[PDB]
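Next up, work.cif (mmCIF, C-alpha atoms and all ligand atoms):
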data_model
#
loop_
_atom_site.label_atom_id
_atom_site.label_comp_id
_atom_site.auth_asym_id
_atom_site.auth_seq_id
_atom_site.Cartn_x
_atom_site.Cartn_y
_atom_site.Cartn_z
CA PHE A 1 44.03 -15.73 -16.54
CA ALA A 2 41.89 -18.41 -14.71
CA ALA A 3 40.86 -15.26 -12.74
CA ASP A 4 39.66 -12.33 -15.04
CA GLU A 5 37.23 -15.14 -15.91
CA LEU A 6 35.93 -16.44 -12.64
CA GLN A 7 35.47 -12.76 -12.47
CA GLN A 8 34.28 -11.83 -16.03
CA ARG A 9 32.01 -14.80 -15.72
CA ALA A 10 30.41 -13.84 -12.30
CA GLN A 11 30.09 -10.27 -13.68
CA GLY A 12 27.64 -11.88 -16.04
CA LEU A 13 25.68 -14.28 -13.76
CA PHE A 14 25.21 -11.59 -10.89
CA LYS A 15 24.58 -7.87 -10.54
CA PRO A 16 25.46 -5.76 -7.40
CA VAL A 17 23.07 -4.15 -4.98
CA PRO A 18 22.49 -0.64 -6.37
CA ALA A 19 23.64 2.51 -4.54
CA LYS A 20 20.11 3.80 -4.03
CA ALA A 21 16.58 2.46 -3.30
CA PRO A 22 14.79 1.21 -6.27
CA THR A 23 11.58 2.63 -7.72
CA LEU A 24 8.31 0.99 -6.75
CA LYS A 25 5.57 0.99 -9.24
CA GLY A 26 2.54 3.07 -8.18
CA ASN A 27 4.48 4.29 -5.04
CA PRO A 28 7.05 7.11 -5.43
CA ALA A 29 9.59 7.71 -2.63
CA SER A 30 9.90 10.87 -0.63
CA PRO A 31 11.72 11.81 2.60
CA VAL A 32 8.29 12.07 4.33
CA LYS A 33 6.76 8.75 3.08
CA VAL A 34 10.04 7.08 4.03
CA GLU A 35 9.78 8.67 7.57
CA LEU A 36 6.18 7.52 7.80
CA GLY A 37 7.02 4.02 6.57
CA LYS A 38 9.67 3.71 9.23
CA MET A 39 7.40 4.97 12.00
CA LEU A 40 4.91 2.31 11.05
CA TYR A 41 7.43 -0.44 10.66
CA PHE A 42 8.53 0.10 14.25
CA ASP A 43 5.02 0.85 15.78
CA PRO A 44 3.74 -2.16 17.77
CA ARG A 45 0.38 -0.37 17.69
CA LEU A 46 -0.24 -2.19 14.34
CA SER A 47 -0.79 -5.48 16.36
CA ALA A 48 -4.04 -5.75 18.41
CA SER A 49 -1.85 -6.42 21.48
CA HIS A 50 0.60 -3.32 21.12
CA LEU A 51 3.39 -5.78 21.58
CA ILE A 52 4.60 -6.59 18.03
CA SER A 53 6.00 -4.51 15.20
CA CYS A 54 7.72 -5.59 11.94
CA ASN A 55 11.07 -5.05 13.66
CA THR A 56 10.19 -7.60 16.32
CA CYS A 57 10.64 -10.28 13.63
CA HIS A 58 12.64 -8.35 11.08
CA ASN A 59 15.29 -6.73 13.25
CA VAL A 60 17.34 -4.28 11.40
CA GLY A 61 20.24 -4.49 13.83
CA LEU A 62 20.47 -8.29 13.80
CA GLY A 63 20.42 -9.05 10.04
CA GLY A 64 16.75 -8.29 9.22
CA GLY A 65 15.48 -11.51 10.73
CA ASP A 66 14.38 -12.64 14.21
CA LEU A 67 17.11 -15.20 15.09
CA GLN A 68 14.46 -17.85 15.75
CA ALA A 69 14.00 -21.32 14.19
CA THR A 70 10.44 -20.27 13.13
CA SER A 71 7.58 -17.79 13.61
CA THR A 72 4.15 -16.84 12.26
CA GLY A 73 3.70 -13.36 11.16
CA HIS A 74 1.73 -13.50 7.92
CA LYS A 75 -1.91 -14.73 7.47
CA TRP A 76 -1.12 -16.77 4.35
CA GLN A 77 1.12 -19.16 6.47
CA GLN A 78 0.05 -22.72 7.15
CA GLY A 79 2.20 -22.76 10.29
CA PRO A 80 5.50 -21.52 11.70
CA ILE A 81 8.10 -20.78 9.02
CA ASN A 82 11.53 -19.20 9.37
CA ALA A 83 11.46 -15.39 9.10
CA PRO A 84 13.39 -14.17 6.06
CA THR A 85 15.46 -11.10 6.22
CA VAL A 86 13.85 -7.81 5.19
CA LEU A 87 17.27 -6.80 3.98
CA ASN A 88 17.30 -6.55 0.14
CA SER A 89 13.71 -8.13 0.19
CA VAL A 90 12.61 -5.46 -2.17
CA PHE A 91 14.50 -7.25 -5.03
CA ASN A 92 12.68 -10.49 -4.51
CA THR A 93 9.69 -12.14 -6.24
CA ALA A 94 8.73 -14.52 -3.22
CA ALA A 95 -4.28 -7.03 0.21
CA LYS A 96 -2.10 -10.23 -0.84
CA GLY A 97 1.32 -8.73 0.25
CA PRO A 98 3.56 -8.77 3.34
CA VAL A 99 2.19 -5.75 5.33
CA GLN A 100 -1.48 -6.77 4.79
CA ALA A 101 -0.85 -10.39 5.65
CA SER A 102 0.84 -9.25 8.82
CA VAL A 103 -1.84 -6.83 9.84
CA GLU A 104 -4.70 -9.29 9.26
CA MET A 105 -2.88 -11.85 11.36
CA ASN A 106 -2.35 -9.61 14.45
CA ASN A 107 -5.21 -7.10 13.89
CA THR A 108 -7.94 -6.14 11.41
CA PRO A 109 -7.51 -3.38 8.74
CA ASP A 110 -10.33 -1.62 10.53
CA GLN A 111 -8.67 -1.25 14.00
CA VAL A 112 -5.41 -0.24 12.24
CA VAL A 113 -7.02 2.61 10.33
CA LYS A 114 -9.10 3.61 13.46
CA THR A 115 -5.71 3.67 15.26
CA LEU A 116 -3.99 5.86 12.69
CA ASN A 117 -6.95 8.27 12.35
CA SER A 118 -6.85 8.64 16.12
CA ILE A 119 -3.39 10.27 16.26
CA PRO A 120 -3.11 13.70 14.70
CA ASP A 121 0.56 13.41 13.79
CA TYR A 122 -0.04 10.30 11.69
CA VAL A 123 -2.97 11.91 9.85
CA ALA A 124 -0.77 14.87 9.00
CA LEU A 125 2.08 12.56 7.77
CA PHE A 126 -0.38 10.58 5.63
CA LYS A 127 -1.43 13.93 4.14
CA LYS A 128 2.13 15.00 3.32
CA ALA A 129 3.18 11.48 1.95
CA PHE A 130 -0.01 11.09 -0.09
CA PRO A 131 -1.07 14.57 -1.05
CA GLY A 132 -4.24 15.67 -2.92
CA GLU A 133 -6.16 12.71 -1.51
CA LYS A 134 -9.55 13.21 0.16
CA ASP A 135 -8.83 10.43 2.64
CA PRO A 136 -5.11 9.46 2.59
CA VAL A 137 -5.27 7.29 5.78
CA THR A 138 -5.93 3.96 4.19
CA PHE A 139 -4.85 0.38 4.69
CA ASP A 140 -3.33 0.50 1.20
CA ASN A 141 -1.57 3.86 1.82
CA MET A 142 -0.07 2.39 5.07
CA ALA A 143 1.43 -0.69 3.31
CA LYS A 144 2.81 1.58 0.55
CA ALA A 145 4.65 3.82 3.16
CA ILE A 146 6.16 0.76 4.83
CA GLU A 147 7.24 -0.70 1.38
CA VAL A 148 9.03 2.57 0.54
CA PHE A 149 10.87 2.32 3.86
CA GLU A 150 11.63 -1.36 3.12
CA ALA A 151 13.02 -0.31 -0.23
CA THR A 152 15.76 1.60 1.63
CA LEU A 153 16.66 -1.54 3.50
CA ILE A 154 19.34 -2.67 1.24
CA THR A 155 22.95 -3.58 1.81
CA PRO A 156 25.33 -2.21 -0.80
CA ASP A 157 29.07 -3.01 -0.92
CA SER A 158 29.75 -6.43 0.39
CA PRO A 159 33.23 -7.80 -0.49
CA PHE A 160 31.55 -9.68 -3.38
CA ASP A 161 29.81 -6.60 -4.86
CA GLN A 162 33.10 -4.83 -4.75
CA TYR A 163 34.44 -7.78 -6.80
CA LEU A 164 31.73 -7.91 -9.53
CA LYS A 165 32.41 -4.24 -9.66
CA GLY A 166 36.02 -4.66 -10.67
CA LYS A 167 38.33 -5.24 -7.71
CA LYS A 168 39.57 -8.87 -7.66
CA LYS A 169 41.35 -8.08 -4.36
CA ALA A 170 37.87 -7.73 -2.67
CA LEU A 171 37.70 -11.56 -2.20
CA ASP A 172 40.38 -13.37 -0.23
CA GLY A 173 42.05 -16.65 -1.20
CA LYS A 174 39.58 -19.08 0.49
CA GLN A 175 36.49 -17.03 -0.65
CA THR A 176 37.72 -16.89 -4.31
CA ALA A 177 38.24 -20.63 -4.06
CA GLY A 178 34.69 -21.03 -2.51
CA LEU A 179 33.11 -19.04 -5.30
CA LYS A 180 34.49 -21.27 -8.08
CA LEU A 181 33.23 -24.23 -6.23
CA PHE A 182 29.81 -22.35 -6.06
CA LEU A 183 29.59 -21.79 -9.78
CA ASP A 184 31.38 -25.19 -10.67
CA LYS A 185 28.95 -26.98 -8.46
CA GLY A 186 25.90 -25.21 -10.18
CA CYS A 187 24.85 -23.38 -6.92
CA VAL A 188 24.24 -20.35 -9.08
CA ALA A 189 21.37 -22.09 -10.95
CA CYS A 190 18.97 -21.78 -8.06
CA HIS A 191 20.88 -19.06 -6.07
CA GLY A 192 22.16 -16.50 -8.65
CA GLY A 193 21.11 -13.14 -9.94
CA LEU A 194 20.92 -9.55 -8.49
CA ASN A 195 20.07 -11.27 -5.17
CA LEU A 196 21.69 -14.64 -5.46
CA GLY A 197 18.28 -16.31 -5.10
CA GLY A 198 14.74 -15.01 -4.13
CA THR A 199 13.36 -15.76 -7.52
CA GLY A 200 12.66 -19.41 -8.27
CA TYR A 201 10.54 -22.10 -6.63
CA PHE A 202 11.73 -25.71 -6.79
CA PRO A 203 10.16 -29.01 -5.77
CA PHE A 204 13.13 -29.24 -3.32
CA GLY A 205 13.17 -29.06 0.54
CA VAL A 206 15.27 -29.83 3.68
CA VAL A 207 13.95 -32.51 5.95
CA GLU A 208 14.67 -34.28 9.18
CA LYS A 209 15.20 -37.95 9.02
CA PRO A 210 12.69 -39.89 11.21
CA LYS A 211 27.15 -35.84 9.32
CA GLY A 212 23.59 -35.01 7.94
CA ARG A 213 20.68 -35.57 10.39
CA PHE A 214 19.23 -33.24 7.69
CA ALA A 215 19.02 -33.32 3.99
CA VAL A 216 17.25 -32.40 0.82
CA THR A 217 14.25 -34.03 -0.79
CA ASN A 218 12.17 -34.05 -3.97
CA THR A 219 8.64 -32.76 -3.38
CA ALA A 220 7.49 -32.70 -7.07
CA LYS A 221 5.63 -35.85 -6.25
CA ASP A 222 3.68 -33.72 -3.67
CA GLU A 223 3.28 -30.63 -6.05
CA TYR A 224 5.07 -28.72 -3.32
CA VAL A 225 7.52 -25.97 -4.23
CA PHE A 226 9.89 -23.99 -1.91
CA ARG A 227 11.53 -20.80 -3.01
CA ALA A 228 15.36 -20.72 -3.24
CA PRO A 229 16.44 -18.03 -0.81
CA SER A 230 18.41 -14.88 -1.53
CA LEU A 231 21.82 -15.79 -0.18
CA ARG A 232 22.82 -12.17 0.49
CA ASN A 233 23.70 -11.63 4.21
CA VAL A 234 23.23 -15.33 4.92
CA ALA A 235 26.21 -15.40 7.32
CA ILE A 236 24.06 -13.15 9.56
CA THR A 237 20.54 -14.73 9.17
CA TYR A 238 20.86 -18.20 10.83
CA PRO A 239 19.35 -20.55 11.50
CA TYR A 240 18.90 -21.85 7.94
CA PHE A 241 16.08 -23.31 5.69
CA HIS A 242 12.30 -22.82 5.81
CA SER A 243 12.23 -24.61 9.21
CA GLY A 244 15.30 -22.99 10.67
CA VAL A 245 16.87 -26.34 11.70
CA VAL A 246 20.48 -25.97 10.60
CA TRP A 247 22.48 -23.45 12.87
CA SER A 248 25.93 -23.84 11.34
CA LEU A 249 26.36 -22.24 7.90
CA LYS A 250 29.00 -24.97 7.04
CA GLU A 251 26.37 -27.65 7.68
CA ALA A 252 23.92 -25.80 5.42
CA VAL A 253 26.36 -25.90 2.48
CA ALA A 254 26.88 -29.68 3.41
CA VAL A 255 23.07 -30.27 3.25
CA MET A 256 23.03 -28.59 -0.14
CA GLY A 257 25.47 -31.01 -1.83
CA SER A 258 22.58 -33.42 -2.18
CA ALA A 259 22.29 -36.53 -4.41
CA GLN A 260 18.92 -34.93 -5.54
CA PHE A 261 20.92 -32.19 -7.40
CA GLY A 262 23.76 -34.14 -8.89
CA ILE A 263 26.33 -32.50 -6.54
CA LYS A 264 28.92 -34.05 -4.32
CA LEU A 265 30.53 -32.04 -1.58
CA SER A 266 33.82 -32.39 0.26
CA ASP A 267 34.01 -31.28 3.86
CA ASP A 268 36.63 -28.77 2.68
CA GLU A 269 34.73 -27.56 -0.35
CA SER A 270 31.83 -26.79 2.03
CA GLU A 271 34.32 -24.75 4.03
CA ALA A 272 35.47 -22.86 0.96
CA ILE A 273 31.84 -22.26 0.02
CA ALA A 274 30.72 -21.04 3.54
CA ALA A 275 33.65 -18.53 3.32
CA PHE A 276 32.47 -17.43 -0.10
CA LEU A 277 28.89 -16.96 1.43
CA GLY A 278 30.49 -14.67 4.25
CA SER A 279 31.49 -12.33 1.38
CA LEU A 280 27.75 -11.63 0.73
CA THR A 281 27.32 -9.43 3.88
CA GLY A 282 26.73 -5.85 2.82
CA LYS A 283 26.76 -2.55 4.68
CA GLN A 284 23.97 -2.74 7.23
CA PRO A 285 21.56 0.20 6.81
CA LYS A 286 21.84 3.07 9.30
CA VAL A 287 18.43 3.57 10.88
CA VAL A 288 17.65 6.36 13.32
CA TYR A 289 15.06 4.85 15.70
CA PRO A 290 11.74 6.55 14.87
CA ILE A 291 9.97 8.81 17.40
CA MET A 292 6.47 7.45 17.14
CA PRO A 293 3.63 9.83 18.21
CA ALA A 294 1.62 9.38 21.40
CA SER A 295 -1.75 7.66 21.35
CA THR A 296 -4.79 9.86 22.29
CA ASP A 297 -8.06 9.03 24.12
CA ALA A 298 -9.42 8.00 20.80
CA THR A 299 -6.76 5.27 20.08
CA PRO A 300 -7.86 1.72 20.60
CA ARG A 301 -6.28 -0.02 23.69
CA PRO A 302 -4.22 -3.12 23.84
CA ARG A 303 -6.42 -6.08 23.16
CA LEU A 304 -5.70 -8.90 25.61
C1 LIG B 1 4.02 -5.01 9.01
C2 LIG B 1 5.13 -5.58 9.57
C3 LIG B 1 5.99 -6.55 8.68
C4 LIG B 1 6.56 -6.30 7.48
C5 LIG B 1 6.60 -5.00 6.64
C6 LIG B 1 7.17 -7.52 7.01
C7 LIG B 1 7.87 -7.78 5.87
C8 LIG B 1 7.94 -9.07 5.39
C9 LIG B 1 8.35 -9.49 4.05
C10 LIG B 1 8.75 -8.44 2.94
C11 LIG B 1 8.32 -10.85 3.99
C12 LIG B 1 8.62 -11.83 2.78
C13 LIG B 1 10.01 -11.48 2.26
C14 LIG B 1 10.51 -11.86 0.86
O1 LIG B 1 9.76 -12.34 -0.06
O2 LIG B 1 11.75 -11.58 0.65
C15 LIG B 1 7.91 -11.30 5.27
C16 LIG B 1 7.80 -12.64 5.60
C17 LIG B 1 7.78 -13.23 6.87
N1 LIG B 1 7.74 -12.64 8.14
FE1 LIG B 1 7.30 -10.57 7.96
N2 LIG B 1 6.96 -8.48 7.97
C18 LIG B 1 6.23 -7.93 9.03
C19 LIG B 1 5.88 -8.62 10.21
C20 LIG B 1 6.29 -9.89 10.62
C21 LIG B 1 6.02 -10.39 11.92
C22 LIG B 1 5.39 -9.55 13.09
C23 LIG B 1 6.51 -11.62 12.09
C24 LIG B 1 6.28 -12.27 13.48
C25 LIG B 1 6.60 -13.43 14.02
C26 LIG B 1 7.07 -12.03 10.84
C27 LIG B 1 7.63 -13.29 10.50
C28 LIG B 1 7.70 -13.60 9.13
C29 LIG B 1 7.67 -14.90 8.50
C30 LIG B 1 7.65 -16.28 9.20
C31 LIG B 1 7.74 -14.64 7.01
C32 LIG B 1 7.76 -15.63 5.83
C33 LIG B 1 6.36 -16.22 5.61
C34 LIG B 1 6.38 -17.21 4.42
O3 LIG B 1 7.42 -17.26 3.64
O4 LIG B 1 5.34 -17.96 4.24
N3 LIG B 1 6.89 -10.94 9.92
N4 LIG B 1 7.70 -10.21 6.14
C1 LIG B 2 26.48 -26.01 -3.65
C2 LIG B 2 25.52 -25.21 -4.19
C3 LIG B 2 24.41 -24.65 -3.22
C4 LIG B 2 24.60 -23.99 -2.04
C5 LIG B 2 25.91 -23.58 -1.33
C6 LIG B 2 23.33 -23.67 -1.47
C7 LIG B 2 23.14 -22.97 -0.28
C8 LIG B 2 21.97 -22.77 0.41
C9 LIG B 2 21.81 -22.19 1.68
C10 LIG B 2 23.04 -21.65 2.48
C11 LIG B 2 20.48 -22.19 1.95
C12 LIG B 2 19.78 -21.65 3.23
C13 LIG B 2 19.48 -20.17 3.06
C14 LIG B 2 18.54 -19.73 4.20
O1 LIG B 2 18.10 -20.56 5.09
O2 LIG B 2 18.30 -18.48 4.13
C15 LIG B 2 19.73 -22.82 0.85
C16 LIG B 2 18.36 -23.08 0.68
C17 LIG B 2 17.65 -23.52 -0.47
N1 LIG B 2 18.18 -23.63 -1.75
FE1 LIG B 2 20.36 -24.28 -1.91
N2 LIG B 2 22.36 -24.18 -2.32
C18 LIG B 2 22.98 -24.77 -3.43
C19 LIG B 2 22.33 -25.34 -4.51
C20 LIG B 2 20.98 -25.24 -4.80
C21 LIG B 2 20.29 -25.84 -5.97
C22 LIG B 2 20.98 -26.65 -7.11
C23 LIG B 2 18.99 -25.53 -5.91
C24 LIG B 2 17.96 -26.04 -7.00
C25 LIG B 2 17.35 -27.22 -6.77
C26 LIG B 2 18.76 -24.75 -4.67
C27 LIG B 2 17.55 -24.23 -4.13
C28 LIG B 2 17.25 -24.05 -2.75
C29 LIG B 2 16.00 -24.25 -2.07
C30 LIG B 2 14.65 -24.76 -2.69
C31 LIG B 2 16.28 -23.93 -0.59
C32 LIG B 2 15.22 -23.96 0.51
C33 LIG B 2 15.23 -25.28 1.29
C34 LIG B 2 14.39 -25.11 2.52
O3 LIG B 2 14.20 -23.94 3.01
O4 LIG B 2 13.83 -26.12 3.03
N3 LIG B 2 19.99 -24.61 -4.05
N4 LIG B 2 20.73 -23.13 -0.04
CA CA B 3 17.07 -17.81 8.40
#
Will you turn the file into structure tokens for me?
Ligand code: HEM
Ligand code: HEM
Ligand SMILES: [Ca+2]
Amino acid sequence: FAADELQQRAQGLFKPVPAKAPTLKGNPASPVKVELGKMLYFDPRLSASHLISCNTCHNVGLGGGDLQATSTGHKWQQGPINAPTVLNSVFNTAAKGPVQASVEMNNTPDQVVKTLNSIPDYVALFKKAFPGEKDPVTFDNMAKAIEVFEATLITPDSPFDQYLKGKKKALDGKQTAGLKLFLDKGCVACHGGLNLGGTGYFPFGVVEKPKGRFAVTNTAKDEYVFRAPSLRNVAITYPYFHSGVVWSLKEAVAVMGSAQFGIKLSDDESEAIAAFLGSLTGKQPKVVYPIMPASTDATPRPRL
């Protein structure tokens, strides 16, 4: 069939989001370290101001992102960039890492550890989640708990996963079309894999110009690479591109049939393709809001 072959094909070029959180190297999972990681992820006491947590910009009930064109949350950033989703971030390859870069932006490791040492409940959770350690309340221990909570922030069973799994009836007519167009148009070169993307860097980026106020450019000439985003849950993580300038997901497909790629796109193939991309929305994780423990007289105060 022309099917059993879009489908035996895709089965090859993509893997589904696994049932369970993956293993992190150096950093075993446990109910307690996951509880701890989640407490921290939601605690705005990690910012010097007591105003920002990771959820502020990576909102688990609104697709893992912040709905904003751009923001600055990591110290390595040369200015506002669009916040990627935390959802399925663990599968990407995109004190060097996300928690540390965040903390050193809004705080110093020092005040963060003074803050955690200051609350008995947190000390006690650090001791359960990292046992047999003399001093388990460390900057590095804290990032590791958060990472193990992040690892649970995956979205199994989108219509597409249910398709690579077997079921052809998981995609509809217009999304099965869309797919073929996605492969056929080479889409899957740059945005394929376990995570449809999150994996390569390309001398390719969306730009203003000083039907298509926006389009692609070659930045080889500037030794500038951008990573090619995971496309999972993209229907829920607008606006689009590093600068968050495209709001319509149809547009964003129309900006990505660039000359620069050897790809032409019809207004109706973009359509088909946006409707394929809709299929990439998985089951949103179920998070019980953490009950974070009260500060004590010893806890540093908001700083200004
Ligand atoms: C400790 C709390 C946070 C955690 C655990 C966390 C997690 C992450 C991760 C995992 C990434 C990169 C994702 C990937 O490679 O798939 C990231 C990037 C990003 N986040 Fe956060 N995040 C936190 C706080 C924030 C905050 C508070 C903001 C505030 C405005 C923010 C805005 C952004 C931006 C703009 C990026 C991308 C930076 C770049 O690509 O250069 N994040 N975060
Ligand atoms: C028709 C096929 C393609 C489609 C539908 C497509 C779709 C998309 C979408 C929807 C985004 C925005 C995701 C977000 O903002 O989270 C994006 C960004 C991006 N993709 Fe494409 N893409 C295609 C082909 C390609 C190719 C061939 C490459 C290799 C050169 C590539 C690499 C990239 C890069 C580097 C970005 C980031 C641009 C920026 O943030 O400024 N993609 N794509
Ligand atoms: Ca976005």
As AutoDock Vina command-line options, please report the centre and edge lengths, rounded to one decimal in Å, of the axis-aligned box that holds all listed atoms of ligand LIG 1 (chain B) with 6 Å of padding on each of the six sides.
--center_x 7.9 --center_y -11.5 --center_z 7.0 --size_x 19.7 --size_y 25.0 --size_z 26.1
*Expected answer as a VMD selection string: residues within 6 Å of ligand LIG 1 (chain B), only C-alpha atoms and all ligand atoms*: chain A and resid 41 52 to 54 57 71 to 74 77 81 to 84 86 89 92 94 98 to 99 102
*asked:* Please list as a ChimeraX atom specification every residue within 12 Å of residue A:26, counting only C-alpha atoms and excluding residues in the same chain fewer than 2 positions away.
replied: /A:23-24,28-29,130,140-141,144-145,147-148
Taking all atoms listed in the file into account, which residues are within 12 Å of ligand CA 3 (chain B), as a compact mmCIF listing (two decimals) with C-alpha atoms, in the frame of the given file?
# COMPACT_ATOMS: atom_id res chain seq x y z
CA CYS A 57 10.64 -10.28 13.63
CA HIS A 58 12.64 -8.35 11.08
CA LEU A 62 20.47 -8.29 13.80
CA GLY A 63 20.42 -9.05 10.04
CA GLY A 64 16.75 -8.29 9.22
CA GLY A 65 15.48 -11.51 10.73
CA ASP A 66 14.38 -12.64 14.21
CA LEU A 67 17.11 -15.20 15.09
CA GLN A 68 14.46 -17.85 15.75
CA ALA A 69 14.00 -21.32 14.19
CA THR A 70 10.44 -20.27 13.13
CA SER A 71 7.58 -17.79 13.61
CA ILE A 81 8.10 -20.78 9.02
CA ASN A 82 11.53 -19.20 9.37
CA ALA A 83 11.46 -15.39 9.10
CA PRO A 84 13.39 -14.17 6.06
CA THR A 85 15.46 -11.10 6.22
CA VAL A 86 13.85 -7.81 5.19
CA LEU A 87 17.27 -6.80 3.98
CA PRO A 229 16.44 -18.03 -0.81
CA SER A 230 18.41 -14.88 -1.53
CA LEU A 231 21.82 -15.79 -0.18
CA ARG A 232 22.82 -12.17 0.49
CA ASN A 233 23.70 -11.63 4.21
CA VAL A 234 23.23 -15.33 4.92
CA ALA A 235 26.21 -15.40 7.32
CA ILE A 236 24.06 -13.15 9.56
CA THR A 237 20.54 -14.73 9.17
CA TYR A 238 20.86 -18.20 10.83
CA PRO A 239 19.35 -20.55 11.50
CA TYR A 240 18.90 -21.85 7.94
CA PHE A 241 16.08 -23.31 5.69
CA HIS A 242 12.30 -22.82 5.81
CA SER A 243 12.23 -24.61 9.21
CA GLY A 244 15.30 -22.99 10.67
CA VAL A 245 16.87 -26.34 11.70
CA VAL A 246 20.48 -25.97 10.60
CA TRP A 247 22.48 -23.45 12.87
CA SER A 248 25.93 -23.84 11.34
CA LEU A 249 26.36 -22.24 7.90
CA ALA A 252 23.92 -25.80 5.42
*With only C-alpha atoms and all ligand atoms counted, collect every polymer residue having an atom within 6 Å of ligand LIG 2 (chain B); state the result as a ChimeraX atom specification.*
/A:182,185-187,189-191,202,204-206,226-229,231,234,240-242,252-253,256-257,261
*Identify which of the residues A:19, A:124, A:263, A:220 lies closest to residue A:153, counting all atoms listed in the file when measuring atom-to-atom distances.*
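Ranking A:19, A:124, A:263, A:220 by distance to residue A:153, first place goes to A:19.
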*asked:* Show me, as a ChimeraX atom specification, the residues that have an atom within 9 Å of stretch 284-292 of chain A when counting all atoms listed in the file, minus same-chain residues fewer than 6 positions from it.
replied: /A:35,38-40,42-43,60-61,63,87,122,152-156
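Using all atoms listed in the file, the smallest distance between any of A:184, A:193, A:109, A:100 and residue A:262 comes from A:184.
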*So which one's closest to residue A:129, A:162, A:270, A:260, A:30? Using all atoms listed in the file, please.*
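That would be A:30, the residue with the smallest distance to residue A:129.
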*asked:* Between atom CA of residue A:183 and atom CA of residue A:11, what is the distance in Å, rounded to a tenth?
replied: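 Distance between the two atoms: 12.2 Å.
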*What is the atom CA of residue A:250-atom CA of residue A:282 distance in Å, reported with one decimal?*
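Computing it gives 19.7 Å between the two atoms.
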*Near residue A:114, counting only C-alpha atoms, which residues have an atom at most 10 Å away, once you skip same-chain residues fewer than 2 positions from it, shown as a PyMOL selection string?*
chain A and resi 109-112+116-119+137-138+298-300
*Could you give me, as a list in words, the residues that have an atom at most 10 Å away from the point (31.7, -6.3, -8.4) in the coordinates of the file, using only C-alpha atoms?*
residues 7, 8, 10, 11, 14, 15, 16, 17, 157, 158, 159, 160, 161, 162, 163, 164, 165, 166, 167, 168 and 170 of chain A
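Counting from atom CA of residue A:123, the distance to atom CA of residue A:135 is 9.4 Å.
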_Nearest to residue A:9, chosen from A:203, A:213, A:179, A:208, with only C-alpha atoms counted in the distances_ =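 Counting only C-alpha atoms, the residue closest to residue A:9 is A:179.
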